[PDB]
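Reckoned from all heavy atoms, side chains included, excluding hydrogens, waters and symmetry mates. Letters A, B, ... are given to chains in the order of the sequence lines, protein chains preceding strands, and every chain is numbered from 1.
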Amino acid sequence: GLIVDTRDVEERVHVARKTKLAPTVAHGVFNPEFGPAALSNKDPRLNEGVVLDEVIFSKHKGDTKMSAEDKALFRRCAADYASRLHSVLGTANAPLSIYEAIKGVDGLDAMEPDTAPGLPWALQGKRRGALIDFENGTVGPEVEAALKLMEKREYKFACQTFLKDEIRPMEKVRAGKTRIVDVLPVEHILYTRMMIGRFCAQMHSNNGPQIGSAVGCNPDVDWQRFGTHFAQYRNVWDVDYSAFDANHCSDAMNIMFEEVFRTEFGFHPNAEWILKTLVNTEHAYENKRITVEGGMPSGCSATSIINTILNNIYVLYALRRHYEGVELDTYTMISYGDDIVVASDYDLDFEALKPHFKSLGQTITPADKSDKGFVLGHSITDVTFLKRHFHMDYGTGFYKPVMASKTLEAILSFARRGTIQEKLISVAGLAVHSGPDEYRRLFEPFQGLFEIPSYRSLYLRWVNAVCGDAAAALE
RNA sequence: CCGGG
RNA sequence: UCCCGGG
């Protein structure tokens, strides 16, 4: 987005400063080129003379304005995808009750009861539990008063910027490219869930190529579904974006919201209104307040869904801007926010689409670094989706999500205090797909120290997970 | 609590 | 932080 104003200010929102991610015994063995993001501006691991506060917001390069003709084209694409979407999900998009929005429904998990509340509550020193009753599914006066302002479209808010405490490639650590998290007020999250929660629930439940969304999928089971779909196409592309979230233009966001969340598709009028409050935002980071036009706040309710929907419209838009007679049948895709796999029998030229995506403010590049440009004839077994390759399991003949051993090494190399046992169990569920020898090697550092699930036990669990009756081949 | 986006 | 998936 475009920074329009950055006045310094009285009140101060102090972040975090130091990581909770401490090295494990595995770190000494694998010595990964990965470490915790820089959270302090004076982190010695940083490159000298590189201030952390600058690079955080460098992603805000501007808010691409589109022509009348590009907007009408985009409107057509948004409406075309919307048609497909609401056809599959139905039109029961009436507001969720307060209770439902808090407690969730089938396809939509309940709100986190003790996550950050946002502004202005964090300046008062107050937790989510004080504002909202998560067991009961009810709200205090302050939230109800905010609820009332949103009804009448008079509600205004600020986003609380947090530095993301996570493992990053050391190049990005040293370059100070710590990701941020735009924390919205808990009431904003609540109302958004009220306005579009059922839609979201339906999306999650209906995940797959048809709606072009993997939000809600379970890679253990769904890799067989997705893998077999995409293997039917002659060409598959693995597309990377540069700062996807920041670079959604005001025009694209507004038109997408206008076409997808219409009252004629069952939504309350304020579905459109509440989503449109994400366009022009005020961000609070320490003593500064930054006003941004364009871009999606990473950490609002349904950020993943909104990004996924945009991804879908972008691909349609870019193809129709370059080629003639392009429809939704012309290709297939699945995305998860900025992450995307696209396939087609037509030999599309994604190199030629680069400028057409640029007209939206988005920079596409191939997922592999080498080979200067996009290439034809790539298959499903060459691409990364959700940091997972599609490899055929030779025991069952099903697709399994394989993570790169270097990534698993990095994950296993760091942990927060007193979680190591728990993390190992969780990560073993990722690592089983790398096969027995690699599984043994990844956990070898932890032997004698923690309980490591046997390879065999997780393999049988998985064989049941994918279908179930494949397990019931007792010969 | 862990992974992914 | 938001969702998603798994304990």
Residues within residues 294-305 of chain A bordering RNA chain C, heavy-atom distance below 4.0 Å: A:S298, A:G299, A:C300, A:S301, A:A302, A:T303, A:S304
Salt bridge (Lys or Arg N to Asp or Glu O under 4.0 Å) involving A:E409 - partner list, sequence neighbours excluded: A:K406, A:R441
Sugar-phosphate only, base, or nothing, as touched by A:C217 at under 4.0 Å among non-hydrogen atoms: sugar-phosphate
Strand contacts (RNA chain C) in residues 177-199 of chain A, 4.0 angstrom heavy-atom criterion: A:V181, A:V183, A:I189, A:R193
Listed partners of A:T64 passing side chain to side chain contact (heavy atoms under 4.5 Å, CB included), at least two apart: A:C249
Ionic contact status for A:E258 with A:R262, cut-off 4.0 Å: no
Sugar-phosphate, base or nothing in reach of A:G429, heavy atoms under 4.0 Å: nothing
Geometric class of the A:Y314/A:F244 ring pair [parallel <30°, tilted 30-60°, perpendicular >60°]: perpendicular
Summary of salt bridge (charged side-chain N to carboxylate O under 4.0 Å, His left out) pairs that have at least one residue in residues 282-304 of chain A, sequence neighbours excluded: A:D8-A:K288, A:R12-A:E286, A:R17-A:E286, A:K156-A:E282
Test of ring centre spacing under 6.0 Å for A:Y233 and A:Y331: no
Comparing A:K164 and A:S426 on RNA chain B - which has the more 5′ nearest nucleotide: A:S426
Close aromatic pair by centroid cut-off 6.0 Å: A:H433 and A:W462: yes
Partner residues of A:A428 under the side chain to side chain contact (heavy atoms under 4.5 Å, CB included) criterion, sequence neighbours left out: A:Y439, A:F443, A:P453, A:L458
Please report, to 0.1 Å, the donor-acceptor pairs under 3.5 Å made by any side chain of residues 86-93 of chain A, with sequence neighbours excluded.
unit_1, atom_1, unit_2, atom_2, d
A:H86, NE2, A:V260, O, 2.7
A:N93, ND2, A:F265, O, 2.8

Sugar-phosphate only, base, or nothing, as touched by A:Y336 at under 4.0 Å among non-hydrogen atoms: base
Residues in contact with RNA chain B, drawn from residues 84-92 of chain A - heavy-atom cutoff 4.0 Å: none
For the student: nearest non-hydrogen atoms of A:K423 and A:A415, plus distance: CD-CB, 4.4 Å
Start and end of the RNA chain C segment that chain A contacts, any atom under 4.0 Å from a heavy atom: C:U1 to C:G7
Sugar-phosphate, base or nothing in reach of A:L424, heavy atoms under 4.0 Å: nothing
Ring geometry between A:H283 and A:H60 (parallel below 30°, tilted from 30 to 60°, perpendicular above 60°): tilted
Worked verdict on A:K61 versus A:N247 for side chain to side chain donor-acceptor pair (under 3.5 Å): CA-CA 8 Å; A:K61 299 166 290 297; A:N247 279 125; 2.8 Å; yes
Contacts of A:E142 that satisfy side chain to side chain contact (heavy atoms under 4.5 Å, CB included) - sequence neighbours left out: A:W121, A:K126, A:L131
First of A:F162 and A:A214 reached from the 5' end of RNA chain C, by closest nucleotide: A:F162
Nucleic acid contacts - residues 450-466 of chain A versus RNA chain B, non-hydrogen atoms under 4.0 Å: none
Sugar-phosphate only, base, or nothing, as touched by A:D338 at under 4.0 Å among non-hydrogen atoms: sugar-phosphate
Contacts of A:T308 that satisfy side chain to side chain contact (heavy atoms under 4.5 Å, CB included) - sequence neighbours left out: A:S213, A:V215, A:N312, A:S335
